[PDB]
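The chain that follows stands alone, in the form deposited in one PDB entry, written as C-alpha cells.
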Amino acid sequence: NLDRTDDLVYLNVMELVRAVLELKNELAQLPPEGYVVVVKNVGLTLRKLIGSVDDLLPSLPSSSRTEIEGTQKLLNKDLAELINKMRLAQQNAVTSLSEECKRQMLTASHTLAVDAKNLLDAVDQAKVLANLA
C-alpha cells in the first residue's frame, strides 16, 4: 500500500498521536510536574510535524498547499488550547474543579491528535493527486 520509508510527516503524526495517548493514560496518576513534561513533548513533536510539513509543501498542488497551511495554523491553535487547559489544571490542582480541567486537557489533546491524523490523510491525498496532476 503506502511506503512510509522516508515519510517524516507520517512519522511525526504517529509520534504526536502516541504522545497524546500517553498523556491520556497518565493524566490520572501524574502530579502537576508530570503532565507539564508530557505536554512539552506534545509541543516538540508538533513543531517537528509542522517542520516536516513545511519542507514537503512546495511539492504539492496549490489547492492542497493552501488547505494544508490552513490545518498547520489549526494544529497550533489546538496546542495553544491544550496549554490553556493545563494551566487551569495547575491552578485548580487542589480545588473541586481539578477533575474537570483534567477532562478538558484530555479533550484538547484528543482534538489535537485527531486533527493531526486528519492532516496525514490530507497529505497522503495530496501526494496522490500530485501524481495525477
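Residue numbers here begin at 1 and follow the sequence given.
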{"property": "Segment of higher mean CA temperature factor, 71-79 or 97-105", "result": "97-105"}
{"property": "Comparing 57-65 with 42-50, the one whose average Cα B-factor in the PDB entry is higher", "result": "57-65"}
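There is another form of the same protein, the form solved in complex with a partner chain; it is not shown, and what comes next is about it.
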query	finding
Non-hydrogen atom within 4.5 Å of its partner chain in the deposited bound form for each of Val20, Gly43 and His110	yes
4.5 angstroms heavy atom contact with its partner chain in the deposited bound form for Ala122	no
Interface membership of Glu99, its partner chain in the deposited bound form, 4.5 Å heavy atom rule	no
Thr5 within 4.5 Å of its partner chain in the deposited bound form, heavy atoms	no
Partner proximity in the deposited bound form: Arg47 to its partner chain, non-hydrogen atom cutoff 4.5 Å	yes
